[PDB]
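Since the structure comes first, as structure tokens, the remarks are kept for the end.
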Amino acid sequence: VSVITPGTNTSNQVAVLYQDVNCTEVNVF
Amino acid sequence: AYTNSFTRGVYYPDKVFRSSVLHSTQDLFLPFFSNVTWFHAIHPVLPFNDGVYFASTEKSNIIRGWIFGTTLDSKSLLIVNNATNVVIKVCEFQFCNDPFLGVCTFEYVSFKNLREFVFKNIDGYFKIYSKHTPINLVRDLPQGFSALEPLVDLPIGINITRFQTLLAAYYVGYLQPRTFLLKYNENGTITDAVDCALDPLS
Amino acid sequence: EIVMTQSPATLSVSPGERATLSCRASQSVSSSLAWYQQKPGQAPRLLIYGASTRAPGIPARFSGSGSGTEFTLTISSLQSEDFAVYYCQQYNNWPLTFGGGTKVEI
Amino acid sequence: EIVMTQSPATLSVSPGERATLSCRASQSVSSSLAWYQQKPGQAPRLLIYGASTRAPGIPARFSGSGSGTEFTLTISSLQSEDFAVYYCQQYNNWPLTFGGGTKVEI
Amino acid sequence: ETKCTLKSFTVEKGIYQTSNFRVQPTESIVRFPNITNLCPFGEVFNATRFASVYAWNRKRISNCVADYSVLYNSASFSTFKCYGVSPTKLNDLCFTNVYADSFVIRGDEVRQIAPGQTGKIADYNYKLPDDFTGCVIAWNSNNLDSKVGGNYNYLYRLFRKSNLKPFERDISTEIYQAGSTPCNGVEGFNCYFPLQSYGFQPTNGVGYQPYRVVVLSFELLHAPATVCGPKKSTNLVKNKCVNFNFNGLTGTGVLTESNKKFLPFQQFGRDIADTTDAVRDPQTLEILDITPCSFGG
Amino acid sequence: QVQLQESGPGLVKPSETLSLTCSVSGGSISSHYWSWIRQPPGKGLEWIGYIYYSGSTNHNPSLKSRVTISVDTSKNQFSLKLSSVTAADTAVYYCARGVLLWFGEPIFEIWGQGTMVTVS
Ligand SMILES: *[C@@H]1O[C@H](CO[C@@H]2O[C@@H](C)[C@@H](O)[C@@H](O)[C@@H]2O)[C@@H](O[C@@H]2O[C@H](CO)[C@@H](O[C@@H]3O[C@H](CO)[C@@H](O)[C@H](O)[C@@H]3O)[C@H](O)[C@H]2NC(C)=O)[C@H](O)[C@H]1NC(C)=O
Ligand SMILES: *[C@@H]1O[C@H](CO)[C@@H](O)[C@H](O)[C@H]1NC(C)=O
Numbered sequence: 595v596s597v598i599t600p601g602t603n604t605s606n607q608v609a610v611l612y613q614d615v616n617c618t619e620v641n642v643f
Numbered sequence: 027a028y029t030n031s032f033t034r035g036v037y038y039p040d041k042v043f044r045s046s047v048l049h050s051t052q053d054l055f056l057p058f059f060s061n062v063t064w065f066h067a068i069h082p083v084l085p086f087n088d089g090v091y092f093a094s095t096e097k098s099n100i101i102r103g104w105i106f107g108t109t110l111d112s113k116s117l118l119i120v121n122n123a124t125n126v127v128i129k130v131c132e133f134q135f136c137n138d139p140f141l142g143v166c167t168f169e170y171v172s186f187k188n189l190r191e192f193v194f195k196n197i198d199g200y201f202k203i204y205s206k207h208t209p210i211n212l213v214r215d216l217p218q219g220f221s222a223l224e225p226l227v228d229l230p231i232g233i234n235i236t237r238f239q240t241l242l263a264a265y266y267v268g269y270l271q272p273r274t275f276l277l278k279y280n281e282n283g284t285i286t287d288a289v290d291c292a293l294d295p296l297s
Numbered sequence: 001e002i003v004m005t006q007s008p009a010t011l012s013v014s015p016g017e018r019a020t021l022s023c024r025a026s027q028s029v030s031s032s033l034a035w036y037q038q039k040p041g042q043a044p045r046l047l048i049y050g051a052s053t054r055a056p057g058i059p060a061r062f063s064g065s066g067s068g069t070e071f072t073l074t075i076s077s078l079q080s081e082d083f084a085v086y087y088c089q090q091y092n093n094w095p096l097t098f099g100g101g102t103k104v105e106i
Numbered sequence: 001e002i003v004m005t006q007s008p009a010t011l012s013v014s015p016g017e018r019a020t021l022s023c024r025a026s027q028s029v030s031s032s033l034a035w036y037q038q039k040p041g042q043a044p045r046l047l048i049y050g051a052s053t054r055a056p057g058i059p060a061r062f063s064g065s066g067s068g069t070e071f072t073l074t075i076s077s078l079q080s081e082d083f084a085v086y087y088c089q090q091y092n093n094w095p096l097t098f099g100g101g102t103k104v105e106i
Numbered sequence: 298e299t300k301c302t303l304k305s306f307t308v309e310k311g312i313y314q315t316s317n318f319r320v321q322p323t324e325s326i327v328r329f330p331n332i333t334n335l336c337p338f339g340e341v342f343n344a345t346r347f348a349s350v351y352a353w354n355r356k357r358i359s360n361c362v363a364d365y366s367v368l369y370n371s372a373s374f375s376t377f378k379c380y381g382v383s384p385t386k387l388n389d390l391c392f393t394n395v396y397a398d399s400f401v402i403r404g405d406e407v408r409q410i411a412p413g414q415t416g417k418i419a420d421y422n423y424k425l426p427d428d429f430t431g432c433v434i435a436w437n438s439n440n441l442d443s444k445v446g447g448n449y450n451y452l453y454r455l456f457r458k459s460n461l462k463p464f465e466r467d468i469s470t471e472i473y474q475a476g477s478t479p480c481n482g483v484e485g486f487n488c489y490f491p492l493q494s495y496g497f498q499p500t501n502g503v504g505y506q507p508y509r510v511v512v513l514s515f516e517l518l519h520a521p522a523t524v525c526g527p528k529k530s531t532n533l534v535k536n537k538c539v540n541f542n543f544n545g546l547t548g549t550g551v552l553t554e555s556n557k558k559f560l561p562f563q564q565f566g567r568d569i570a571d572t573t574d575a576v577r578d579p580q581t582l583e584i585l586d587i588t589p590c591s592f593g594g
Numbered sequence: 001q002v003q004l005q006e007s008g009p010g011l012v013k014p015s016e017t018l019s020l021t022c023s024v025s026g027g028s029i030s031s032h033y034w035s036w037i038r039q040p041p042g043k044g045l046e047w048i049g050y051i052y053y054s055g056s057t058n059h060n061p062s063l064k065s066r067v068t069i070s071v072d073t074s075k076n077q078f079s080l081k082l083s084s085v086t087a088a089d090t091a092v093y094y095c096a097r098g099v100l101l102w103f104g105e106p107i108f109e110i111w112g113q114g115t116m117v118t119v120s
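Residue numbers (the authors' numbering), protein chains in the order written: chain A, 595 to 620, 641 to 643; chain B, 27 to 69, 82 to 113, 116 to 143, 166 to 172, 186 to 242, 263 to 297; chain C, 1 to 106; chain D, 1 to 106; chain E, 298 to 594; chain F, 1 to 120.
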């Protein structure tokens, strides 16, 4: 599991990447 | 109605002095952003759940006691703040169905207020933390951050499974085992904390 | 010598309900009993051969427990095919004994 | 029963010199003695409560040792304020006894 | 030194680093809290009566000065074993509290009184925590506990629907249920009295004879120590490289005044490497830094 | 800390009972023992008895019938009575606290001011 974020100076929203797993098996891409 | 606990319930886990450091520790804490139950007496029995957080806001000092007992059946700990003096005792004592104050193995004898407490016990030793502050507040719970510090530790050993309170508003909440990151300032008092479980950013 | 008694001699039962039985020995015994089933005209079957343990081949409908004074057996969800005589037995010492037995009706 | 004697009954001493005293019990005793000081008209003080050990509050000017037959106490650098009667005591068995005591002069 | 560092009788022009040096310490100081009374410890050993394992007896000791050396001169104990502390050095230490537990047991059950054991004693009567520091003492008392008429007062919990917590105490005596149908306050096959008497007879083989057992627990916290060995205090010295022992903690360094605003419930502070940095003296409220003595190549 | 204070008569007649009383201040009779002691003028000390929080007590082997001691929880007071007294019984009497170290007899550590008794 990997967290993607811009710098906390700008915002607190993030995204999350589940590496090498089908998304169904877990917006999405 | 349920009020959000926001960011409260941090307490000093150990008395070793530290300053200008970030330190990580795992213990029983109140989880952040949780629905603390709100009670009102204008116009009960609760589960102990291995310790509890209590926070109340008062005028004219209405909340002057607590009782802790497995059954309360009068078949044990009692704390009561009389106007003249504060008293603590451990006894089998007869209690009514709804005890109130009309305006043995141990003993001790010596809105405008916000009083906060934590009660918890482990390995037979029972700990009480507290804090007090002035406030100005109507029909709300003030968002903020402050840290509790130990006052007393008692070798009661008698594990308690429930509790009751004796009686202008108060809130109750329950602890969970979690890990926190505490920031110490130059003076040496906790300023900020982070909860690891909350979200990916934390 | 060890003597043993089984009571009651008959229990009236009807399908779809549990049944309970108890057998006692004149003196303290532990982990040294057997429960035998006796269907009409058949050879006995060994159902229970100790404290709370089932011989291989016996469904979990039969179970039991006990104490030094008295031991008990439960048959859950009694069925029409459970009609039989039940006999407690002990083997702790040389003087073997069977209990009096109990009939369990349909 | 245990009896005990203390000798000599008086020691002449003058400031700036050490002094030595000895007390003996009729039978073998160990780690079971006390030394009491008795200034004129005062209550006794407990100075030594065992073998070679000082109660809390007593300067290191007082010390002692001993054997089963006889025990000894030394007062180094004796001062004018050390004028007192000294009493050995034992407590090993039920029959408590005090020694005869000794006067130590100025 | 250079010659012997190069294993050679001749050396070329250069700068050679061969050794280091340290300032040696010059004095030693001892600074203990002063307690003004002896300790009535004998009360717990000189007592006539003794407790029963179902209701073991506890005593709390504080504000004491005690010398343990006599316990090693005595030979009246059938067993003497301590855990987590070396028994000889107890005279050099301090503690916040001492607890004494006492009871009589079947000698055969002495095997059970150890951290992490298992069995009816370790689960129904006196469960001991897996992490422990303390000492355990036993002596055979068959001469006094047992009598020509037998003795049957001593009871142990034979059955129990659960296992005790460490140092838990439970006087509840609900009739134990071993039958399908529960019976309360009744004597029957289903339920009987949960305690069994020890039948002590004076001719019993030694394994069955009663042994008295006492367990001593040392407890230490940031709450300042109140019980200490018979060590003596000594004057205090500052701004010089000195050996020190505060309240049981040894070390060497340079003591100095400090401006650390310790709170009343605190005793000492630690550095990142988990070593003592500052302390509060047991005789004065001042706060002192410790700095290591000078060294270099 | 604690204090020991004591009271009794100065003069007594022959062949009558004598009584003394000692009271503790600053503490309670919970664990430490108490004991009565006498000091004849210019003579060695003598122990006459001791009693503790349980009421169990032991007296000097000699003069078995001469001495009794009673202890009261109220007002932290204990008293001693002698069946009768003689011209030999003139002495300073002391009440003292006793601590039991490990084994044997308890060592006396805290001593009362003492009171003189004489018979005439
Ligand atoms: C830590 O907290 C101290 C507060 O002082 C401490 O806590 C109090 C409750 C008392 O117990 C005090 O005895 C104790 O020392 C903060 O200290 C503050 O420092 C400033 C620095 O100058 C002091 O001066 C103030 O600042 C203005 C700046 O213009 C000056 O002109 C004035 O002199 C003004 O007083 C200030 O007095 C002092 N606070 C107090 C209550 O005395 C400190 O800043 C804080 N944080 C750190 C990192 O130390
Ligand atoms: C796994 O992911 C691939 C992406 O190319 C998809 O085609 C496939 O159906 C997925 N498997 C599932 C959903 O079981």
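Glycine residues also receive a C-beta, built at the ideal position from the N, C-alpha and C atoms.
Query raised in the report: Counting contacts by CB-CB distance shorter than 8 Å, is residue 367 of chain E in contact with chain F?
Result: yes
Query - residue 75 of chain D vs residue 18 of chain D beta-carbon contact at 8 Å - result: yes
Query raised in the report: residue 87 of chain D touches chain F at which residues, Cβ-Cβ below 8 Å?
Result: For residue 87 of chain D, the chain F residues whose C-beta falls within less than 8 Å of its own C-beta are 44 and 45, listed in chain order.
Query raised in the report: Listed in chain order, which residues of the segment 16-31 of chain F have Cβ atoms closer than 7 Å to some Cβ of chain E?
Result: Cβ contacts with chain E come from 31.
Requested in this report: For residue 599 of chain A, decide whether its Cβ has a neighbour in chain B, counting only Cβ atoms nearer than 8 Å.
Outcome: yes
Query raised in the report: Counting along the chain, where does the beta strand (DSSP E) carrying residue 93 of chain F start and finish?
Result: 91-99
Query raised in the report: With C-beta atoms as the reference, is residue 507 of chain E less than 8 Å away from residue 439 of chain E?
Result: Between residue 507 of chain E and residue 439 of chain E, the C-beta spacing is below 8 Å.
Requested in this report: Mind checking which residues open and close the alpha helix (DSSP H) that includes residue 341 of chain E?
Outcome: 339-343
Report task. Starting from the beta carbon of residue 566 of chain E, find every residue of chain B whose beta carbon is closer than 7 Å, and list them in chain order. Result -> 42, 43 and 44
**Report entry** Inter-residue Cα distance where the pair is residue 45 of chain C and residue 615 of chain A
**Finding:** Looking at the two C-alpha atoms, the distance is approximately 56 Å.
Query - Residue of E/550, E/576 and E/572 minimising C-alpha distance to residue 560 of chain E - result: E/576
Report task. State yes or no: is the C-beta of residue 224 of chain B nearer than 7 Å to some heavy atom of ligand 1? Result -> Checking every heavy atom of ligand 1 against the Cβ of residue 224 of chain B, none is found closer than 7 Å.
Query - Proximity to residue 226 of chain B [Cα-Cα], best of B/240, B/239, B/214 and B/206 - result: Comparing Cα positions, the closest option is B/206.
Requested in this report: Just list the beta strand (DSSP E) runs in the segment 362-424 of chain E, keeping only unbroken ones of 3 residues or longer that don't cross its boundaries, in chain order.
Outcome: 376-380 and 394-403
Report task. Compare the C-beta of residue 527 of chain E with all C-beta atoms of chain D and state if any pair is closer than 8 Å. Result -> Interface residue, yes.
Requested in this report: Report whether the distance from the Cβ of residue 74 of chain C to the nearest heavy atom of ligand 2 is below 7 Å.
Outcome: Checking the Cβ of residue 74 of chain C against ligand 2 gives no.
Report task. Give a yes or no on whether the C-beta atoms belonging to residue 36 of chain D and residue 87 of chain D are separated by under 8 Å. Result -> yes
**Report entry** Beta-carbon proximity of residue 521 of chain E to residue 579 of chain E, cut-off 8 Å
**Finding:** yes
Report task. Would you identify the three-state DSSP class for residue 300 of chain E, choosing helix, strand or coil? Result -> helix
Query raised in the report: Could you check where the beta strand (DSSP E) with residue 226 of chain B kicks off and where it finishes?
Result: 224-229
Query raised in the report: Can you list, in chain order, the residues of its chain whose CB lies under 6 Å from that of residue 53 of chain B, leaving out five sequence neighbours each side?
Result: 39
Requested in this report: Tell me where the alpha helix (DSSP H) around residue 78 of chain D begins and ends.
Outcome: Per DSSP, residue 78 of chain D belongs to no alpha helix (DSSP H) and is neither H nor E.
Query raised in the report: Any heavy atom of ligand 2 closer than 7 Å to the Cβ of residue 196 of chain B?
Result: For residue 196 of chain B, the Cβ stays outside the 7 Å cut-off from all heavy atoms of ligand 2.
Query raised in the report: At what residues does the beta strand (DSSP E) containing residue 574 of chain E begin and finish?
Result: 573-577
Query raised in the report: Does the beta carbon of residue 641 of chain A sit closer than 8 Å to a beta carbon anywhere in chain H?
Result: The structure shown contains no chain H; its protein chains are A, B, C, D, E and F.
Query raised in the report: Just to confirm, are residue 279 of chain B and residue 47 of chain B a CB contact at a threshold of 8 Å?
Result: yes
Query raised in the report: CA-CA distance, residue 58 of chain C and residue 445 of chain E?
Result: 54 Å
**Report entry** Status (buried if at least 16 other CB within 10 Å, exposed otherwise) for residue 79 of chain D
**Finding:** Exposed: under 16 other Cβ atoms inside 10 Å.
**Report entry** C-beta neighbour in chain B for residue 454 of chain E, strict 8 Å
**Finding:** Among the CB atoms of chain B, none fall inside 8 Å of the CB of residue 454 of chain E.
Query raised in the report: Taking any Cβ of chain E, which residues in the segment 49-79 of chain D have a Cβ under 9 Å from it, in chain order?
Result: 49, 50, 53, 54, 55, 56, 57 and 60
Report task. Give the DSSP-derived three-state secondary structure of residue 7 of chain D in the structure shown. Result -> If DSSP states are grouped into helix, strand and coil, residue 7 of chain D belongs with the strands.
**Report entry** Around ligand 2, Cβ to any heavy atom closer than 7 Å, ordered along the chain
**Finding:** A/616, A/618 and A/619
Query raised in the report: Does the Cβ of residue 3 of chain F have 16 or more other Cβ atoms within 10 Å, making it buried, or fewer, making it exposed?
Result: exposed
**Report entry** Cβ-Cβ distance between residue 534 of chain E and residue 433 of chain E below 8 Å
**Finding:** No, Cβ-Cβ distance for residue 534 of chain E and residue 433 of chain E is not below 8 Å.
Requested in this report: Consider the C-beta atom of residue 58 of chain F and the heavy atoms of ligand 1; say whether any pair is separated by less than 7 Å.
Outcome: no
Query raised in the report: Can a CB atom of chain E be found closer than 8 Å to the CB of residue 97 of chain C?
Result: no
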